[PDB]
>>> print(open('work_15.pdb').read())   # PDB, C-alpha atoms and all ligand atoms
ATOM      1  CA  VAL A   3      10.479 -56.858 -25.493  1.00  0.00           C
ATOM      2  CA  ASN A   4      11.140 -53.561 -23.698  1.00  0.00           C
ATOM      3  CA  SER A   5      13.777 -52.190 -21.324  1.00  0.00           C
ATOM      4  CA  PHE A   6      11.784 -52.033 -18.034  1.00  0.00           C
ATOM      5  CA  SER A   7      13.679 -54.117 -15.426  1.00  0.00           C
ATOM      6  CA  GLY A   8      12.808 -55.733 -12.121  1.00  0.00           C
ATOM      7  CA  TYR A   9       9.024 -55.347 -12.301  1.00  0.00           C
ATOM      8  CA  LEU A  10       6.575 -57.764 -10.737  1.00  0.00           C
ATOM      9  CA  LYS A  11       3.860 -58.745 -13.192  1.00  0.00           C
ATOM     10  CA  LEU A  12       0.423 -58.114 -11.719  1.00  0.00           C
ATOM     11  CA  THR A  13      -1.721 -58.839 -14.795  1.00  0.00           C
ATOM     12  CA  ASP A  14      -1.413 -59.344 -18.533  1.00  0.00           C
ATOM     13  CA  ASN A  15      -0.617 -55.640 -18.947  1.00  0.00           C
ATOM     14  CA  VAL A  16       0.231 -54.078 -15.543  1.00  0.00           C
ATOM     15  CA  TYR A  17       3.643 -54.261 -13.879  1.00  0.00           C
ATOM     16  CA  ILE A  18       4.853 -52.684 -10.610  1.00  0.00           C
ATOM     17  CA  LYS A  19       8.161 -51.923  -8.971  1.00  0.00           C
ATOM     18  CA  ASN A  20       9.405 -50.196  -5.855  1.00  0.00           C
ATOM     19  CA  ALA A  21      11.223 -47.354  -7.579  1.00  0.00           C
ATOM     20  CA  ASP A  22      11.687 -43.597  -7.771  1.00  0.00           C
ATOM     21  CA  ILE A  23       9.866 -42.645 -10.985  1.00  0.00           C
ATOM     22  CA  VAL A  24      12.456 -39.909 -11.584  1.00  0.00           C
ATOM     23  CA  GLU A  25      15.349 -42.376 -11.430  1.00  0.00           C
ATOM     24  CA  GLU A  26      13.426 -44.944 -13.453  1.00  0.00           C
ATOM     25  CA  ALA A  27      12.636 -42.411 -16.183  1.00  0.00           C
ATOM     26  CA  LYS A  28      16.260 -41.261 -16.382  1.00  0.00           C
ATOM     27  CA  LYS A  29      17.420 -44.865 -16.840  1.00  0.00           C
ATOM     28  CA  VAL A  30      14.730 -46.176 -19.218  1.00  0.00           C
ATOM     29  CA  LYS A  31      13.972 -43.004 -21.226  1.00  0.00           C
ATOM     30  CA  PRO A  32      10.422 -44.234 -21.984  1.00  0.00           C
ATOM     31  CA  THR A  33       8.269 -42.973 -24.822  1.00  0.00           C
ATOM     32  CA  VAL A  34       5.781 -41.751 -22.178  1.00  0.00           C
ATOM     33  CA  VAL A  35       6.195 -40.837 -18.515  1.00  0.00           C
ATOM     34  CA  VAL A  36       2.981 -39.949 -16.689  1.00  0.00           C
ATOM     35  CA  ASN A  37       2.913 -36.945 -14.371  1.00  0.00           C
ATOM     36  CA  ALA A  38       0.503 -36.708 -11.437  1.00  0.00           C
ATOM     37  CA  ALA A  39      -0.613 -33.242 -12.514  1.00  0.00           C
ATOM     38  CA  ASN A  40      -3.163 -30.734 -11.303  1.00  0.00           C
ATOM     39  CA  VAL A  41      -5.442 -28.730 -13.602  1.00  0.00           C
ATOM     40  CA  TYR A  42      -3.116 -25.695 -13.506  1.00  0.00           C
ATOM     41  CA  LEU A  43       0.004 -27.758 -14.254  1.00  0.00           C
ATOM     42  CA  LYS A  44       1.601 -26.254 -11.129  1.00  0.00           C
ATOM     43  CA  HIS A  45       4.236 -28.835 -10.349  1.00  0.00           C
ATOM     44  CA  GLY A  46       4.952 -28.010  -6.751  1.00  0.00           C
ATOM     45  CA  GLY A  47       5.258 -31.280  -4.872  1.00  0.00           C
ATOM     46  CA  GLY A  48       4.687 -34.996  -4.893  1.00  0.00           C
ATOM     47  CA  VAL A  49       5.520 -36.742  -8.145  1.00  0.00           C
ATOM     48  CA  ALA A  50       5.015 -33.551 -10.166  1.00  0.00           C
ATOM     49  CA  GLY A  51       7.384 -31.478  -8.102  1.00  0.00           C
ATOM     50  CA  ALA A  52      10.002 -34.225  -8.398  1.00  0.00           C
ATOM     51  CA  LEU A  53       9.676 -34.626 -12.168  1.00  0.00           C
ATOM     52  CA  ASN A  54       9.761 -30.874 -12.674  1.00  0.00           C
ATOM     53  CA  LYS A  55      12.851 -30.498 -10.447  1.00  0.00           C
ATOM     54  CA  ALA A  56      14.601 -33.200 -12.493  1.00  0.00           C
ATOM     55  CA  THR A  57      13.951 -31.080 -15.639  1.00  0.00           C
ATOM     56  CA  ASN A  58      15.558 -28.018 -13.994  1.00  0.00           C
ATOM     57  CA  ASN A  59      12.095 -26.323 -14.119  1.00  0.00           C
ATOM     58  CA  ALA A  60      11.800 -26.677 -17.915  1.00  0.00           C
ATOM     59  CA  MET A  61       8.625 -28.717 -17.418  1.00  0.00           C
ATOM     60  CA  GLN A  62       7.090 -25.806 -15.477  1.00  0.00           C
ATOM     61  CA  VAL A  63       8.117 -23.234 -18.114  1.00  0.00           C
ATOM     62  CA  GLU A  64       6.537 -25.329 -20.874  1.00  0.00           C
ATOM     63  CA  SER A  65       3.457 -25.943 -18.733  1.00  0.00           C
ATOM     64  CA  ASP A  66       2.928 -22.238 -18.030  1.00  0.00           C
ATOM     65  CA  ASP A  67       2.916 -21.540 -21.768  1.00  0.00           C
ATOM     66  CA  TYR A  68       0.442 -24.421 -22.285  1.00  0.00           C
ATOM     67  CA  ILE A  69      -1.971 -22.999 -19.682  1.00  0.00           C
ATOM     68  CA  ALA A  70      -1.611 -19.451 -21.008  1.00  0.00           C
ATOM     69  CA  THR A  71      -2.721 -20.710 -24.430  1.00  0.00           C
ATOM     70  CA  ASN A  72      -5.272 -23.397 -23.515  1.00  0.00           C
ATOM     71  CA  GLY A  73      -6.514 -22.758 -19.983  1.00  0.00           C
ATOM     72  CA  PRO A  74      -6.707 -25.384 -17.245  1.00  0.00           C
ATOM     73  CA  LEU A  75      -7.194 -29.079 -17.740  1.00  0.00           C
ATOM     74  CA  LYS A  76     -10.258 -30.949 -16.462  1.00  0.00           C
ATOM     75  CA  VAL A  77     -10.065 -33.226 -13.438  1.00  0.00           C
ATOM     76  CA  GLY A  78      -9.854 -36.633 -15.115  1.00  0.00           C
ATOM     77  CA  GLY A  79      -8.207 -35.089 -18.181  1.00  0.00           C
ATOM     78  CA  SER A  80      -4.719 -34.947 -19.621  1.00  0.00           C
ATOM     79  CA  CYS A  81      -2.377 -33.313 -22.072  1.00  0.00           C
ATOM     80  CA  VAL A  82       0.778 -34.486 -23.840  1.00  0.00           C
ATOM     81  CA  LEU A  83       3.821 -32.252 -23.472  1.00  0.00           C
ATOM     82  CA  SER A  84       7.561 -32.779 -23.783  1.00  0.00           C
ATOM     83  CA  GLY A  85       9.307 -35.370 -21.656  1.00  0.00           C
ATOM     84  CA  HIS A  86      12.404 -33.123 -21.538  1.00  0.00           C
ATOM     85  CA  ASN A  87      15.392 -35.148 -20.262  1.00  0.00           C
ATOM     86  CA  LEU A  88      13.142 -37.833 -18.758  1.00  0.00           C
ATOM     87  CA  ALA A  89      11.161 -39.330 -21.660  1.00  0.00           C
ATOM     88  CA  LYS A  90      10.094 -38.589 -25.165  1.00  0.00           C
ATOM     89  CA  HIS A  91       6.695 -37.271 -23.933  1.00  0.00           C
ATOM     90  CA  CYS A  92       5.101 -36.478 -20.595  1.00  0.00           C
ATOM     91  CA  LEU A  93       1.421 -37.334 -20.262  1.00  0.00           C
ATOM     92  CA  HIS A  94       0.151 -34.934 -17.593  1.00  0.00           C
ATOM     93  CA  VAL A  95      -2.882 -36.667 -16.068  1.00  0.00           C
ATOM     94  CA  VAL A  96      -5.139 -35.053 -13.458  1.00  0.00           C
ATOM     95  CA  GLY A  97      -6.514 -37.543 -10.955  1.00  0.00           C
ATOM     96  CA  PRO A  98      -9.004 -36.290  -8.371  1.00  0.00           C
ATOM     97  CA  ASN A  99      -7.447 -34.739  -5.263  1.00  0.00           C
ATOM     98  CA  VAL A 100      -9.365 -36.013  -2.236  1.00  0.00           C
ATOM     99  CA  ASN A 101      -7.836 -33.189  -0.200  1.00  0.00           C
ATOM    100  CA  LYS A 102      -9.799 -30.836  -2.504  1.00  0.00           C
ATOM    101  CA  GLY A 103     -13.057 -32.812  -2.282  1.00  0.00           C
ATOM    102  CA  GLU A 104     -12.979 -34.072  -5.869  1.00  0.00           C
ATOM    103  CA  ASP A 105     -15.115 -37.035  -6.892  1.00  0.00           C
ATOM    104  CA  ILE A 106     -13.160 -40.293  -6.652  1.00  0.00           C
ATOM    105  CA  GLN A 107     -15.194 -41.722  -9.518  1.00  0.00           C
ATOM    106  CA  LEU A 108     -13.160 -39.383 -11.676  1.00  0.00           C
ATOM    107  CA  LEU A 109     -10.207 -41.703 -11.074  1.00  0.00           C
ATOM    108  CA  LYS A 110     -11.395 -44.134 -13.758  1.00  0.00           C
ATOM    109  CA  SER A 111     -11.652 -41.295 -16.298  1.00  0.00           C
ATOM    110  CA  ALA A 112      -8.120 -40.238 -15.380  1.00  0.00           C
ATOM    111  CA  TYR A 113      -6.730 -43.730 -16.017  1.00  0.00           C
ATOM    112  CA  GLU A 114      -8.584 -43.939 -19.363  1.00  0.00           C
ATOM    113  CA  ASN A 115      -6.048 -41.418 -20.697  1.00  0.00           C
ATOM    114  CA  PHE A 116      -3.393 -44.126 -20.425  1.00  0.00           C
ATOM    115  CA  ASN A 117      -5.186 -46.174 -23.123  1.00  0.00           C
ATOM    116  CA  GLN A 118      -4.073 -43.667 -25.768  1.00  0.00           C
ATOM    117  CA  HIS A 119      -0.452 -44.851 -25.317  1.00  0.00           C
ATOM    118  CA  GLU A 120       0.837 -48.342 -25.988  1.00  0.00           C
ATOM    119  CA  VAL A 121       3.422 -48.301 -23.154  1.00  0.00           C
ATOM    120  CA  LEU A 122       3.802 -45.939 -20.178  1.00  0.00           C
ATOM    121  CA  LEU A 123       5.873 -45.412 -17.045  1.00  0.00           C
ATOM    122  CA  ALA A 124       3.489 -44.047 -14.442  1.00  0.00           C
ATOM    123  CA  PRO A 125       2.746 -43.449 -10.746  1.00  0.00           C
ATOM    124  CA  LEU A 126      -0.492 -44.494  -9.072  1.00  0.00           C
ATOM    125  CA  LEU A 127      -2.972 -41.738  -9.832  1.00  0.00           C
ATOM    126  CA  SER A 128      -4.499 -39.837  -6.922  1.00  0.00           C
ATOM    127  CA  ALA A 129      -2.078 -41.515  -4.466  1.00  0.00           C
ATOM    128  CA  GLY A 130       0.388 -39.708  -2.225  1.00  0.00           C
ATOM    129  CA  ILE A 131      -0.494 -36.078  -1.575  1.00  0.00           C
ATOM    130  CA  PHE A 132      -3.651 -36.429  -3.705  1.00  0.00           C
ATOM    131  CA  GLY A 133      -5.153 -38.296  -0.768  1.00  0.00           C
ATOM    132  CA  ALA A 134      -6.754 -41.396  -2.301  1.00  0.00           C
ATOM    133  CA  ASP A 135      -6.234 -44.950  -1.115  1.00  0.00           C
ATOM    134  CA  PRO A 136      -3.384 -46.380  -3.250  1.00  0.00           C
ATOM    135  CA  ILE A 137      -4.865 -49.893  -3.056  1.00  0.00           C
ATOM    136  CA  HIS A 138      -8.056 -48.520  -4.650  1.00  0.00           C
ATOM    137  CA  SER A 139      -6.007 -46.648  -7.234  1.00  0.00           C
ATOM    138  CA  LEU A 140      -4.170 -49.837  -8.198  1.00  0.00           C
ATOM    139  CA  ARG A 141      -7.484 -51.685  -8.564  1.00  0.00           C
ATOM    140  CA  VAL A 142      -8.910 -48.968 -10.834  1.00  0.00           C
ATOM    141  CA  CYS A 143      -5.668 -48.985 -12.842  1.00  0.00           C
ATOM    142  CA  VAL A 144      -5.812 -52.743 -13.443  1.00  0.00           C
ATOM    143  CA  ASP A 145      -9.519 -52.616 -14.281  1.00  0.00           C
ATOM    144  CA  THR A 146      -9.243 -49.609 -16.646  1.00  0.00           C
ATOM    145  CA  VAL A 147      -5.869 -49.546 -18.396  1.00  0.00           C
ATOM    146  CA  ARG A 148      -5.538 -52.005 -21.268  1.00  0.00           C
ATOM    147  CA  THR A 149      -2.181 -50.772 -22.580  1.00  0.00           C
ATOM    148  CA  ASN A 150       1.132 -51.745 -21.001  1.00  0.00           C
ATOM    149  CA  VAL A 151       1.745 -49.798 -17.800  1.00  0.00           C
ATOM    150  CA  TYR A 152       4.853 -49.889 -15.605  1.00  0.00           C
ATOM    151  CA  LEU A 153       3.960 -48.443 -12.205  1.00  0.00           C
ATOM    152  CA  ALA A 154       6.667 -47.020  -9.986  1.00  0.00           C
ATOM    153  CA  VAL A 155       5.867 -46.918  -6.263  1.00  0.00           C
ATOM    154  CA  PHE A 156       8.293 -44.765  -4.284  1.00  0.00           C
ATOM    155  CA  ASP A 157       7.520 -46.083  -0.791  1.00  0.00           C
ATOM    156  CA  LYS A 158       8.808 -49.608  -0.133  1.00  0.00           C
ATOM    157  CA  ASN A 159       6.325 -50.199   2.689  1.00  0.00           C
ATOM    158  CA  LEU A 160       3.457 -49.220   0.397  1.00  0.00           C
ATOM    159  CA  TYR A 161       4.809 -51.311  -2.479  1.00  0.00           C
ATOM    160  CA  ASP A 162       4.863 -54.427  -0.290  1.00  0.00           C
ATOM    161  CA  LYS A 163       1.343 -53.711   0.935  1.00  0.00           C
ATOM    162  CA  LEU A 164       0.206 -53.034  -2.586  1.00  0.00           C
ATOM    163  CA  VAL A 165       1.736 -56.369  -3.657  1.00  0.00           C
ATOM    164  CA  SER A 166       0.575 -58.492  -0.727  1.00  0.00           C
ATOM    165  CA  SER A 167      -3.073 -57.310  -0.896  1.00  0.00           C
ATOM    166  CA  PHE A 168      -3.406 -57.355  -4.648  1.00  0.00           C
ATOM    167  CA  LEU A 169      -6.327 -59.714  -5.816  1.00  0.00           C
TER     168      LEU A 169
HETATM  169  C1  LIG B   1      14.564 -37.047  -6.099  1.00  0.00           C
HETATM  170  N1  LIG B   1      13.457 -37.898  -6.451  1.00  0.00           N
HETATM  171  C2  LIG B   1      12.152 -37.627  -5.928  1.00  0.00           C
HETATM  172  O1  LIG B   1      11.938 -36.703  -5.217  1.00  0.00           O
HETATM  173  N2  LIG B   1      11.150 -38.544  -6.400  1.00  0.00           N
HETATM  174  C3  LIG B   1       9.789 -38.546  -5.959  1.00  0.00           C
HETATM  175  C4  LIG B   1       9.299 -37.648  -5.025  1.00  0.00           C
HETATM  176  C5  LIG B   1       7.993 -37.785  -4.608  1.00  0.00           C
HETATM  177  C6  LIG B   1       7.219 -38.812  -5.108  1.00  0.00           C
HETATM  178  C7  LIG B   1       5.813 -38.964  -4.582  1.00  0.00           C
HETATM  179  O2  LIG B   1       5.233 -38.074  -4.058  1.00  0.00           O
HETATM  180  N3  LIG B   1       5.264 -40.299  -4.614  1.00  0.00           N
HETATM  181  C8  LIG B   1       3.941 -40.485  -4.082  1.00  0.00           C
HETATM  182  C9  LIG B   1       3.767 -41.210  -2.731  1.00  0.00           C
HETATM  183  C10 LIG B   1       4.465 -41.189  -1.521  1.00  0.00           C
HETATM  184  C11 LIG B   1       4.001 -41.949  -0.452  1.00  0.00           C
HETATM  185  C12 LIG B   1       2.840 -42.710  -0.576  1.00  0.00           C
HETATM  186  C13 LIG B   1       2.139 -42.716  -1.771  1.00  0.00           C
HETATM  187  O3  LIG B   1       0.965 -43.450  -1.970  1.00  0.00           O
HETATM  188  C14 LIG B   1       2.601 -41.962  -2.828  1.00  0.00           C
HETATM  189  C15 LIG B   1       2.008 -41.820  -4.239  1.00  0.00           C
HETATM  190  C16 LIG B   1       3.151 -41.279  -5.049  1.00  0.00           C
HETATM  191  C17 LIG B   1       3.959 -42.393  -5.716  1.00  0.00           C
HETATM  192  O4  LIG B   1       4.728 -43.141  -5.044  1.00  0.00           O
HETATM  193  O5  LIG B   1       3.847 -42.529  -6.961  1.00  0.00           O
HETATM  194  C18 LIG B   1       7.732 -39.741  -6.000  1.00  0.00           C
HETATM  195  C19 LIG B   1       9.034 -39.603  -6.421  1.00  0.00           C
END
>>> encode(input="work_15.pdb", output="structure tokens", more="lines below")
Ligand SMILES: CNC(=O)Nc1ccc(C(=O)N[C@@H]2c3cccc(O)c3C[C@@H]2C(=O)O)cc1
Amino acid sequence: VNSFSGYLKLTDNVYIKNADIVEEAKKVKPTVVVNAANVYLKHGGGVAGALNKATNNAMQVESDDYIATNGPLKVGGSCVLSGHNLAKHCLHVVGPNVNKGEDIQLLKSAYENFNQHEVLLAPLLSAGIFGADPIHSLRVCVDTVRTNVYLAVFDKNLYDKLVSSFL
């Protein structure tokens, strides 16, 4: 039993809810919140910008030190940093950005990072300003992630479409 509330069960291990991932993280305080990161950990907009804003820019300060030490992530890769006031840990995962021409096959590799964590609160990777089809992203998620994932979908219209078209 865990504290995630009001989710629709899609599969044995994947759950979804129309929710603001920032508000959901503040209420649940999960072990892991996933950020929709880029390779530079520049959290300017979309989910990343929102999570970083909710940390009063502490996420960005920590991220800049991480990059200064380690260099950029790989598309499809991840790193674990602090969750600040939102979660114990933040798993920064880089899905491909279609608006940069990145290979959509890297989406499966990106979701594989979730399997290193037993339970996660996460957005749909490569959705939103990353330019991929969220229906496709949900399908890859369900077919790749084996650990327990609670997906927060900000847009109600998209949530309903994600739900009604789900196979
Ligand atoms: C104060 N709180 C706050 O600003 N929160 C916040 C801000 C932005 C996002 C975001 O960009 N979401 C994206 C989006 C939008 C439309 C269609 C979409 O396919 C997606 C994918 C993303 C998602 O829904 O996971 C999420 C939360």
>>> residues_around(input="work_15.pdb", residues="region 134-138 of chain A", least_positions_apart="4", cutoff="9 Å", atoms="all atoms listed in the file", output="PyMOL selection string")
chain A and resi 98-101+106+126-130+142-143+160+163-164+167-168
>>> residues_near_ligand(input="work_15.pdb", ligand="ligand LIG 1 (chain B)", cutoff="10 Å", atoms="all atoms listed in the file", output="MDAnalysis selection string")
chainID A and resid 20:26 37:38 47:56 124:137 139 153:161 164
>>> closest_residue(input="work_15.pdb", among="A:146, A:40, A:65, A:84", to="residue 111 (chain A)", atoms="all atoms listed in the file")
A:146
>>> resolve_selection(input="work_15.pdb", expression="the PyMOL selection byres (((chain A and resi 116) around 10) and not hetatm)", output="ChimeraX atom specification")
/A:34,36,80,93,95,111-115,117-124,143,146-151
>>> atom_distance(input="work_15.pdb", atom1="CA of residue 28 (chain A)", atom2="CA of residue 61 (chain A)")
14.7 Å
>>> residues_around(input="work_15.pdb", residues="residue 83 (chain A)", least_positions_apart="3", cutoff="12 Å", atoms="all atoms listed in the file", output="PyMOL selection string")
chain A and resi 33-37+39+43+60-69+80+86+88-95
>>> atom_distance(input="work_15.pdb", atom1="CA of residue 162 (chain A)", atom2="CA of residue 145 (chain A)")
20.1 Å
>>> axis_aligned_box(input="work_15.pdb", around="region 13-19 of chain A", padding_each_side="5 Å", output="JSON")
{"center_x": 3.2, "center_y": -55.6, "center_z": -14.0, "size_x": 19.9, "size_y": 17.4, "size_z": 20.0}
>>> residues_near_point(input="work_15.pdb", point="(10.0, -53.2, -7.3)", cutoff="7 Å", atoms="all atoms listed in the file", output="list in words")
residues 8, 9, 10, 18, 19, 20 and 21 of chain A
>>> residues_around(input="work_15.pdb", residues="residue 4 (chain A)", least_positions_apart="2", cutoff="10 Å", atoms="only C-alpha atoms", output="list in words")
residues 6, 7, 30, 32 and 121 of chain A
>>> atom_distance(input="work_15.pdb", atom1="CA of residue 3 (chain A)", atom2="CA of residue 141 (chain A)")
25.2 Å
>>> decode(input="work_15.pdb", residues="region 16-68 of chain A", atoms="C-alpha atoms", output="PDB file, in the first residue's frame")
ATOM      1  CA  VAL A  16       1.135   1.657 -14.412  1.00  0.00           C
ATOM      2  CA  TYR A  17      -1.316   4.196 -13.001  1.00  0.00           C
ATOM      3  CA  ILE A  18      -2.384   7.595 -14.395  1.00  0.00           C
ATOM      4  CA  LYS A  19      -4.081  10.701 -13.098  1.00  0.00           C
ATOM      5  CA  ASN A  20      -4.972  14.139 -14.373  1.00  0.00           C
ATOM      6  CA  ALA A  21      -2.733  16.109 -12.036  1.00  0.00           C
ATOM      7  CA  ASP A  22      -0.055  18.779 -11.779  1.00  0.00           C
ATOM      8  CA  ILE A  23       3.109  16.787 -11.018  1.00  0.00           C
ATOM      9  CA  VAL A  24       4.350  19.677  -8.861  1.00  0.00           C
ATOM     10  CA  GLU A  25       1.228  19.621  -6.687  1.00  0.00           C
ATOM     11  CA  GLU A  26       1.210  15.830  -6.599  1.00  0.00           C
ATOM     12  CA  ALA A  27       4.850  15.695  -5.494  1.00  0.00           C
ATOM     13  CA  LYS A  28       4.274  18.271  -2.750  1.00  0.00           C
ATOM     14  CA  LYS A  29       1.366  16.221  -1.379  1.00  0.00           C
ATOM     15  CA  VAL A  30       2.785  12.686  -1.692  1.00  0.00           C
ATOM     16  CA  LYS A  31       6.504  13.374  -1.085  1.00  0.00           C
ATOM     17  CA  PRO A  32       7.493  10.284  -3.126  1.00  0.00           C
ATOM     18  CA  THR A  33      10.826   8.521  -2.880  1.00  0.00           C
ATOM     19  CA  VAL A  34      11.385   9.410  -6.564  1.00  0.00           C
ATOM     20  CA  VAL A  35       9.957  12.149  -8.773  1.00  0.00           C
ATOM     21  CA  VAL A  36      11.006  12.005 -12.424  1.00  0.00           C
ATOM     22  CA  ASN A  37      12.031  15.197 -14.205  1.00  0.00           C
ATOM     23  CA  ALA A  38      11.678  15.615 -17.969  1.00  0.00           C
ATOM     24  CA  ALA A  39      15.274  16.797 -18.269  1.00  0.00           C
ATOM     25  CA  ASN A  40      17.563  17.772 -21.109  1.00  0.00           C
ATOM     26  CA  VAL A  41      21.214  16.724 -21.361  1.00  0.00           C
ATOM     27  CA  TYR A  42      22.422  20.037 -19.884  1.00  0.00           C
ATOM     28  CA  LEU A  43      19.978  19.903 -16.958  1.00  0.00           C
ATOM     29  CA  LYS A  44      18.768  23.381 -17.966  1.00  0.00           C
ATOM     30  CA  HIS A  45      15.341  23.439 -16.396  1.00  0.00           C
ATOM     31  CA  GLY A  46      13.753  26.244 -18.333  1.00  0.00           C
ATOM     32  CA  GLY A  47      10.221  25.184 -19.182  1.00  0.00           C
ATOM     33  CA  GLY A  48       7.731  22.375 -19.376  1.00  0.00           C
ATOM     34  CA  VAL A  49       7.802  19.947 -16.475  1.00  0.00           C
ATOM     35  CA  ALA A  50      11.436  20.774 -15.673  1.00  0.00           C
ATOM     36  CA  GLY A  51      10.879  24.489 -15.431  1.00  0.00           C
ATOM     37  CA  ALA A  52       7.903  23.866 -13.141  1.00  0.00           C
ATOM     38  CA  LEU A  53       9.730  21.462 -10.825  1.00  0.00           C
ATOM     39  CA  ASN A  54      12.730  23.765 -10.637  1.00  0.00           C
ATOM     40  CA  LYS A  55      10.531  26.804  -9.875  1.00  0.00           C
ATOM     41  CA  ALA A  56       8.875  24.843  -7.052  1.00  0.00           C
ATOM     42  CA  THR A  57      12.372  24.288  -5.540  1.00  0.00           C
ATOM     43  CA  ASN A  58      13.087  28.048  -5.635  1.00  0.00           C
ATOM     44  CA  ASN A  59      15.865  27.301  -8.204  1.00  0.00           C
ATOM     45  CA  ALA A  60      17.727  24.932  -5.851  1.00  0.00           C
ATOM     46  CA  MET A  61      17.299  22.148  -8.412  1.00  0.00           C
ATOM     47  CA  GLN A  62      19.073  24.307 -11.017  1.00  0.00           C
ATOM     48  CA  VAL A  63      21.927  25.204  -8.635  1.00  0.00           C
ATOM     49  CA  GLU A  64      22.500  21.527  -7.826  1.00  0.00           C
ATOM     50  CA  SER A  65      22.219  20.608 -11.503  1.00  0.00           C
ATOM     51  CA  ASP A  66      24.807  23.186 -12.580  1.00  0.00           C
ATOM     52  CA  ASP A  67      27.296  21.703 -10.117  1.00  0.00           C
ATOM     53  CA  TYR A  68      26.484  18.195 -11.430  1.00  0.00           C
TER      54      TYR A  68
END
